[PDB]
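Student: One structure is given below, represented as structure tokens, and several questions about it will come after.
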Amino acid sequence: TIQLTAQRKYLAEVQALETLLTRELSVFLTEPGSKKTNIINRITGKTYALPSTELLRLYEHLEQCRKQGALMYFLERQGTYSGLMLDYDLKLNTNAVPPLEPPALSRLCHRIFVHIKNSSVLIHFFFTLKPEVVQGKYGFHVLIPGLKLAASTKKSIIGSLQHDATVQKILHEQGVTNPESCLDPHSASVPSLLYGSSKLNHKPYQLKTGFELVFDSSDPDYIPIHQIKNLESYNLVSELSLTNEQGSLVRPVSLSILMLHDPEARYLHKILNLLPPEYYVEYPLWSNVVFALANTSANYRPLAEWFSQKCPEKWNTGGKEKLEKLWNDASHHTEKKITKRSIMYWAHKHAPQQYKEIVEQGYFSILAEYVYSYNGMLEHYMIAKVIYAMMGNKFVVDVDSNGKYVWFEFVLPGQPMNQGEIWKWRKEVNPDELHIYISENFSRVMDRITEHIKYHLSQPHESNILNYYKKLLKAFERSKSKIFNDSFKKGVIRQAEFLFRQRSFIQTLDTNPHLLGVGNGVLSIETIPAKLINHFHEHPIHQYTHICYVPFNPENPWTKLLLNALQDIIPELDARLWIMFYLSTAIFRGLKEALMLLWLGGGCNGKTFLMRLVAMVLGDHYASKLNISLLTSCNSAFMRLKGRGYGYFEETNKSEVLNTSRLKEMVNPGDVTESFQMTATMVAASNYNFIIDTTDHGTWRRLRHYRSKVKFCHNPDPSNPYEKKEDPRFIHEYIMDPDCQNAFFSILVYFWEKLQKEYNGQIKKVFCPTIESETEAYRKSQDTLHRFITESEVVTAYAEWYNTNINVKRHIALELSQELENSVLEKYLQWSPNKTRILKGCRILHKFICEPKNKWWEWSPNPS
Amino acid sequence: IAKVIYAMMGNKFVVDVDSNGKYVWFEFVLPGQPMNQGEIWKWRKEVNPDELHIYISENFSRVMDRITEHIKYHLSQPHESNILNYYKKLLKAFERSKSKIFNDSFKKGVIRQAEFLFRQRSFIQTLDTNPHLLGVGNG
DNA sequence: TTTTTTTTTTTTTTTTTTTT
Ligand SMILES: Nc1ncnc2c1ncn2[C@@H]1O[C@H](COP(=O)(O)OP(=O)(O)O)[C@@H](O)[C@H]1O
């Protein structure tokens, strides 16, 4: 990795090889599966079928790049005609080199000559071996490219040598404990390696001896195996090539493509291998990770498929086909977009002490490649990319309506913070902790590079590469200080805000109505029971409340006090259940029914006590007070309740008259207007009474009413259930008590769960005998024209009656005729020849249920 | 220099962010210093660090003089050629950077780093929350 | 003299303010 970039840097011949491959050998492309190719680079798996000219040129260039001592991973495959290539997996007892002798090698040459004379015959012998010092000794490859007899005869020779005992005896003389299995039967059926072609994470072979032995068809009995002199004068790479017939010295007698494609694929491979496959075993978590990877692009379909082969008993007959089914589902899925952050968190949880150094090596290699690319001159983007690599799941950047860039940070426990922000996101204006991380936390990692370079400077090298390393260190010393310059940090931040940008993040914030932020995390009320997330998540939550959640415990003394006081406020069990059910829906933030709740009382009743408690429990984020002038009037006023699920009015003190206007506009769940939506529950209470003049069929259907039957005063009235001693403590205090608020929140969420499980989230399903009884009584009331009848001249007289009875105001006689006709005067209606609706039979007088056992919150059975 | 400021002279000032987003400073006054009348032992709001500038220029220079004389002393000690050359390069670099403390741009950079290092979360809102504390002209 | 020095640039602001 690092050495690859180094060699690409301080070796011009490597650059020449790269240019030759990219320009000249581009036209010589070969299919990966086609066998017409002759050269395959194990680095990139590029199949090539170079002609003789390209073959000789590449042989020469590889000869040079070998002769300085570089590294190369090119391989050749035997064709229809080829020389002899052999493998000896000499797994000796000890990894100690025996002094193999040239006479012994000549005896081996005689043995192989005997083994080949009993075949088709009409030679240079090269012995190369590993640099040794490795378990089970080294491996040996004799190379004989002189002949061309690539056929099953090679298999026959391999078999003949397999049972050969002379070679085994020679090996035993060389102290080999493994006389057999060193020569694999598939030696000639696999591609070979050119001289200097090392194995992956291994070292290239080095030649040992070269012996020239001519042959004669008439009588090969004479054998001059006499040693070759001065092999260095020849291009050994070209001479040793099987496909090279024109040699001078010699004579012619899909996981891989995924790992090759970008490093993030293999990084995901590693991090997926880090955690145990136990989570993969079960369907839920495995499907979760498949969905998560499918959300992040679609190229990882084989990658997940690669992860699918594990547990074949669960993969085949099941997992295999459901894998592609889930992939097809996720290709169009839009409900959730889990990303690699969850996988990183899982690797954090399950397998510690290892992913730290793994990612450290990863981004250290990234930064080493960066610094190598431009010789120690690093700029704002150059550091900013590594910074993005550092904290990829900690910060996010978005653009507001004004266009200003704004940051957001995922507050977690164990860091300095405010009260009630753990495990959830907070807005932020100018990255502060990012600056310290850049200047200090990052500073350690690059220090590693420093010593790393010094390490490579400590090792002996050539003068030119040593001078290059000295220049690299000198350049890097200048960039050393720039981690502290403030203009440098400002430029780094300005560059990085582009990298950290995430499109469509502010507008999708808080869009889930079932997710509510609390003092100790976030609650998802999507399912029953609601789930508290006290760990990493992937949800856009910014609004919250400072009320910590506790499980609904009726055994809490404060819970008992709240239940008793709430029962005392309105003793009617059915009415109490209905009103608590209505109030428990304030937590929901989605669309709701077009209803408002208003209820009246004489005064000094249970009003304005539970109202303010509910308001403060919901909080400023989720609740908003509203002025009474919203409905009594004939625009920041309408901007209220944006996302707030609870709307309420203060005490009216005096009496007010509704204008019949904006009433339908504040209740409908449709468009109201800029355009915005309304999702809130409306609750109103007053000491006095209102005036309503309308009898539309839609109206009085989208409306409810109630009257308080209790009275609270300082002097108790004995034997009167409708009077109880007011408890000032309830008001002045019992609000600031955090435990009281937590218990109240638990009680409200309990009633919300009860409503969801019983009536499936509809207030229409739940009915109270008291409700729609007092409501219909009020509906029968608030009628004036019908009352006037039973008490242009008719409409005029109605006008003065209304003025002198309730209120004096301007009147319009055009429409009032319609309600007068629709009144009880329909039967007493007759027409006129002048097309006028004159009146007959008229004369203006102008002369004078059940109770709970011990738990009303138990809600009783369905009738309640 | 900002970390040195935080360490040496850090228990006198606090930095916070207002609603408008402008960074603001607060200082804990002590007896015997220029100030207004009758506010001793309380916290004063302040816009752009003034006494911090004098502290950086005067006290920090005195401290770095100690480092300078320490380096000169260890240079005076007998040593090999390589370590002597290393110390000499340190000497030229440090004396070239000595006068940089008085740069107004550098000083403002130190201030804009201090406004990050000296920040304390949840400080403006926690001011004067206790109803029982009443500031008076004598404390 | 040439390689190196070196070196002031730069930076900051300056102006932007942005403001009702
Ligand atoms: N369930 C209850 N038991 C005892 N006292 C109560 C109960 N509910 C309310 N109270 C008290 O009765 C008083 C009624 O006055 P208040 O609610 O202020 O009248 P209004 O709501 O008309 O302004 C309150 O001070 C409250 O403390």
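Ordering of the structure tokens sets the chain letters (A, B, ...); residue numbers start at 1 within each chain; ligands are numbered from 1 in the order shown.
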Could you please tell me, as a list in words, which residues of chain A have an atom within 10 Å of chain C when using only C-alpha atoms (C1' of nucleotides)?

Tutor: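 Residues satisfying the distance criterion: residues 485, 486 and 487 of chain A.
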
Student: Please identify the residues whose atoms come within 6 Å of ligand 1, using only C-alpha atoms (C1' of nucleotides) and all ligand atoms, and report them as an mmCIF file with N, CA and C atoms, in the first residue's frame.

Tutor:
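Generated file (part13.cif):
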```cif
data_model
loop_
_atom_site.group_PDB
_atom_site.id
_atom_site.type_symbol
_atom_site.label_atom_id
_atom_site.label_comp_id
_atom_site.auth_asym_id
_atom_site.auth_seq_id
_atom_site.Cartn_x
_atom_site.Cartn_y
_atom_site.Cartn_z
ATOM 1 N N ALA A 565 -56.818 13.964 42.759
ATOM 2 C CA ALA A 565 -57.193 15.348 42.485
ATOM 3 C C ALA A 565 -57.941 15.465 41.164
ATOM 4 N N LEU A 566 -57.498 14.728 40.144
ATOM 5 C CA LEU A 566 -58.156 14.768 38.845
ATOM 6 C C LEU A 566 -59.562 14.184 38.919
ATOM 7 N N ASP A 568 -61.366 14.349 41.658
ATOM 8 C CA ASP A 568 -62.114 15.356 42.403
ATOM 9 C C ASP A 568 -62.499 16.542 41.527
ATOM 10 N N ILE A 569 -61.696 16.849 40.505
ATOM 11 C CA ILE A 569 -62.005 17.978 39.630
ATOM 12 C C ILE A 569 -63.338 17.757 38.925
ATOM 13 N N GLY A 603 -67.308 29.384 38.161
ATOM 14 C CA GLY A 603 -66.135 30.113 38.603
ATOM 15 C C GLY A 603 -65.509 29.431 39.803
ATOM 16 N N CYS A 604 -64.198 29.635 39.955
ATOM 17 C CA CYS A 604 -63.418 29.005 41.021
ATOM 18 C C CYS A 604 -63.591 27.488 41.002
ATOM 19 N N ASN A 605 -63.606 26.921 39.801
ATOM 20 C CA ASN A 605 -63.752 25.491 39.600
ATOM 21 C C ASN A 605 -62.388 24.877 39.292
ATOM 22 N N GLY A 606 -62.385 23.599 38.914
ATOM 23 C CA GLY A 606 -61.155 22.919 38.550
ATOM 24 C C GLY A 606 -60.485 23.423 37.290
ATOM 25 N N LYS A 607 -60.986 24.505 36.700
ATOM 26 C CA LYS A 607 -60.408 25.050 35.484
ATOM 27 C C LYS A 607 -59.049 25.684 35.765
ATOM 28 N N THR A 608 -58.264 25.837 34.695
ATOM 29 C CA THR A 608 -56.987 26.549 34.700
ATOM 30 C C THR A 608 -55.937 25.903 35.601
ATOM 31 N N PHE A 609 -56.253 24.755 36.204
ATOM 32 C CA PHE A 609 -55.271 24.001 36.978
ATOM 33 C C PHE A 609 -54.620 22.903 36.144
ATOM 34 N N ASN A 687 -65.027 31.330 32.799
ATOM 35 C CA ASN A 687 -66.027 31.510 33.847
ATOM 36 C C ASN A 687 -67.367 31.974 33.293
ATOM 37 N N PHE A 712 -65.252 25.220 44.057
ATOM 38 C CA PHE A 712 -64.204 25.268 45.066
ATOM 39 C C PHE A 712 -64.208 26.631 45.741
ATOM 40 N N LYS A 725 -63.218 21.875 49.070
ATOM 41 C CA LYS A 725 -62.325 22.959 49.455
ATOM 42 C C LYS A 725 -61.219 23.140 48.431
ATOM 43 N N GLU A 726 -61.143 24.326 47.841
ATOM 44 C CA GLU A 726 -60.109 24.602 46.856
ATOM 45 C C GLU A 726 -58.730 24.402 47.458
ATOM 46 N N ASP A 727 -57.819 23.815 46.691
ATOM 47 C CA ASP A 727 -56.457 23.626 47.176
ATOM 48 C C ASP A 727 -55.487 24.544 46.453
ATOM 49 N N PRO A 728 -55.203 25.714 47.041
ATOM 50 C CA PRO A 728 -54.320 26.687 46.386
ATOM 51 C C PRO A 728 -52.967 26.083 46.051
ATOM 52 N N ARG A 729 -52.555 25.065 46.798
ATOM 53 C CA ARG A 729 -51.288 24.407 46.522
ATOM 54 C C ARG A 729 -51.281 23.881 45.100
ATOM 55 N N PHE A 730 -52.430 23.402 44.636
ATOM 56 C CA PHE A 730 -52.523 22.871 43.282
ATOM 57 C C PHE A 730 -52.058 23.897 42.268
ATOM 58 N N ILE A 731 -52.446 25.150 42.467
ATOM 59 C CA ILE A 731 -52.090 26.195 41.515
ATOM 60 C C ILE A 731 -50.697 26.756 41.752
#
```

Student: Using only C-alpha atoms, find the one residue out of A:586, A:429, A:812, A:62 that sits nearest to chain B.

Tutor: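 Nearest candidate to chain B out of A:586, A:429, A:812, A:62: A:429.
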
Student: Determine which residues of chain B sit within 9 Å of chain C, taking into account only C-alpha atoms (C1' of nucleotides), and present them as JSON, numbers by chain.

Tutor: {"B": [104, 105, 106, 108, 109]}

Student: Any chance you can output those residues with C-alpha atoms as a PDB file, in the first residue's frame?

Tutor:
```pdb
ATOM      1  CA  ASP B 104      -1.694  42.761  16.349  1.00  0.00           C
ATOM      2  CA  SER B 105      -2.830  40.149  13.828  1.00  0.00           C
ATOM      3  CA  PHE B 106      -1.182  37.387  15.867  1.00  0.00           C
ATOM      4  CA  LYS B 108      -6.139  38.876  17.528  1.00  0.00           C
ATOM      5  CA  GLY B 109      -5.604  35.280  16.439  1.00  0.00           C
TER       6      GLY B 109
END
```

Student: Determine, for each residue of chain A having at least one atom at most 10 Å from an atom of chain B, the closest pair of atoms and their separation in Å to one decimal, counting only C-alpha atoms; order by chain and ascending number, as JSON lines.

Tutor:
```
{"residue": "A:416", "atom": "CA", "partner": "B:121", "partner_atom": "CA", "distance": 7.1}
{"residue": "A:417", "atom": "CA", "partner": "B:121", "partner_atom": "CA", "distance": 6.5}
{"residue": "A:418", "atom": "CA", "partner": "B:122", "partner_atom": "CA", "distance": 6.2}
{"residue": "A:419", "atom": "CA", "partner": "B:122", "partner_atom": "CA", "distance": 9.0}
{"residue": "A:429", "atom": "CA", "partner": "B:21", "partner_atom": "CA", "distance": 7.9}
{"residue": "A:430", "atom": "CA", "partner": "B:21", "partner_atom": "CA", "distance": 9.5}
{"residue": "A:431", "atom": "CA", "partner": "B:116", "partner_atom": "CA", "distance": 9.6}
{"residue": "A:432", "atom": "CA", "partner": "B:116", "partner_atom": "CA", "distance": 6.3}
{"residue": "A:433", "atom": "CA", "partner": "B:116", "partner_atom": "CA", "distance": 8.4}
{"residue": "A:435", "atom": "CA", "partner": "B:116", "partner_atom": "CA", "distance": 8.6}
{"residue": "A:436", "atom": "CA", "partner": "B:117", "partner_atom": "CA", "distance": 8.6}
{"residue": "A:484", "atom": "CA", "partner": "B:113", "partner_atom": "CA", "distance": 9.7}
{"residue": "A:485", "atom": "CA", "partner": "B:109", "partner_atom": "CA", "distance": 8.2}
{"residue": "A:486", "atom": "CA", "partner": "B:109", "partner_atom": "CA", "distance": 6.2}
{"residue": "A:487", "atom": "CA", "partner": "B:109", "partner_atom": "CA", "distance": 8.4}
```

Student: Just list the residues in chain B DSSP gives strand (DSSP E) on the backbone, as a PDB file with N, CA and C atoms, in the first residue's frame.

Tutor:
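Saved result, out.pdb, follows:
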```pdb
ATOM      1  N   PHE B  13     -11.777  34.842  33.634  1.00  0.00           N
ATOM      2  CA  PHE B  13     -12.605  35.250  32.513  1.00  0.00           C
ATOM      3  C   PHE B  13     -13.427  34.068  32.027  1.00  0.00           C
ATOM      4  N   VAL B  14     -14.610  34.371  31.499  1.00  0.00           N
ATOM      5  CA  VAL B  14     -15.475  33.359  30.906  1.00  0.00           C
ATOM      6  C   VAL B  14     -16.044  33.912  29.607  1.00  0.00           C
ATOM      7  N   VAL B  15     -16.187  33.037  28.616  1.00  0.00           N
ATOM      8  CA  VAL B  15     -16.681  33.411  27.297  1.00  0.00           C
ATOM      9  C   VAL B  15     -17.967  32.650  27.027  1.00  0.00           C
ATOM     10  N   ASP B  16     -18.971  33.354  26.510  1.00  0.00           N
ATOM     11  CA  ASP B  16     -20.240  32.721  26.187  1.00  0.00           C
ATOM     12  C   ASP B  16     -20.797  33.330  24.907  1.00  0.00           C
ATOM     13  N   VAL B  17     -21.869  32.722  24.406  1.00  0.00           N
ATOM     14  CA  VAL B  17     -22.524  33.138  23.172  1.00  0.00           C
ATOM     15  C   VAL B  17     -23.916  33.643  23.519  1.00  0.00           C
ATOM     16  N   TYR B  23     -19.885  36.591  20.474  1.00  0.00           N
ATOM     17  CA  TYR B  23     -19.170  36.132  21.656  1.00  0.00           C
ATOM     18  C   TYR B  23     -19.002  37.278  22.645  1.00  0.00           C
ATOM     19  N   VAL B  24     -19.233  36.989  23.926  1.00  0.00           N
ATOM     20  CA  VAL B  24     -19.125  37.984  24.982  1.00  0.00           C
ATOM     21  C   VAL B  24     -18.279  37.410  26.109  1.00  0.00           C
ATOM     22  N   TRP B  25     -17.621  38.307  26.847  1.00  0.00           N
ATOM     23  CA  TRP B  25     -16.705  37.917  27.905  1.00  0.00           C
ATOM     24  C   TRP B  25     -17.224  38.455  29.226  1.00  0.00           C
ATOM     25  N   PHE B  26     -16.821  37.813  30.314  1.00  0.00           N
ATOM     26  CA  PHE B  26     -17.164  38.258  31.653  1.00  0.00           C
ATOM     27  C   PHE B  26     -15.959  38.066  32.558  1.00  0.00           C
ATOM     28  N   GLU B  27     -15.723  39.060  33.411  1.00  0.00           N
ATOM     29  CA  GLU B  27     -14.527  39.100  34.241  1.00  0.00           C
ATOM     30  C   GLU B  27     -14.911  39.227  35.708  1.00  0.00           C
ATOM     31  N   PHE B  28     -14.170  38.527  36.565  1.00  0.00           N
ATOM     32  CA  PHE B  28     -14.409  38.530  38.007  1.00  0.00           C
ATOM     33  C   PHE B  28     -13.510  39.586  38.637  1.00  0.00           C
ATOM     34  N   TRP B  43     -19.231  39.930  38.729  1.00  0.00           N
ATOM     35  CA  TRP B  43     -18.838  39.631  37.358  1.00  0.00           C
ATOM     36  C   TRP B  43     -19.303  40.751  36.440  1.00  0.00           C
ATOM     37  N   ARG B  44     -18.386  41.250  35.616  1.00  0.00           N
ATOM     38  CA  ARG B  44     -18.646  42.349  34.695  1.00  0.00           C
ATOM     39  C   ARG B  44     -18.660  41.840  33.262  1.00  0.00           C
ATOM     40  N   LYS B  45     -19.704  42.214  32.522  1.00  0.00           N
ATOM     41  CA  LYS B  45     -19.760  41.954  31.090  1.00  0.00           C
ATOM     42  C   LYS B  45     -18.711  42.793  30.369  1.00  0.00           C
ATOM     43  N   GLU B  46     -18.207  42.276  29.250  1.00  0.00           N
ATOM     44  CA  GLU B  46     -17.124  42.926  28.532  1.00  0.00           C
ATOM     45  C   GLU B  46     -17.110  42.404  27.098  1.00  0.00           C
TER      46      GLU B  46
END
```

Student: Residues at most 8 Å from residue 366 (chain A), counting only C-alpha atoms (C1' of nucleotides), excluding those fewer than 4 positions away in the same chain, as a JSON list (two decimals) with N, CA, C and O atoms, in the first residue's frame?

Tutor:
```
[["chain", "number", "residue", "atom", "x", "y", "z"],
["A", 362, "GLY", "N", -6.39, 2.79, 8.37],
["A", 362, "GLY", "CA", -7.07, 3.25, 7.18],
["A", 362, "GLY", "C", -6.83, 4.71, 6.86],
["A", 362, "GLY", "O", -6.29, 5.05, 5.80],
["A", 370, "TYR", "N", -1.98, 11.09, 0.64],
["A", 370, "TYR", "CA", -2.13, 12.53, 0.42],
["A", 370, "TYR", "C", -0.79, 13.25, 0.50],
["A", 370, "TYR", "O", -0.43, 14.01, -0.41],
["A", 386, "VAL", "N", -9.39, 14.47, 5.27],
["A", 386, "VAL", "CA", -9.08, 13.62, 6.42],
["A", 386, "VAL", "C", -9.99, 13.95, 7.59],
["A", 386, "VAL", "O", -10.40, 13.06, 8.35]]
```
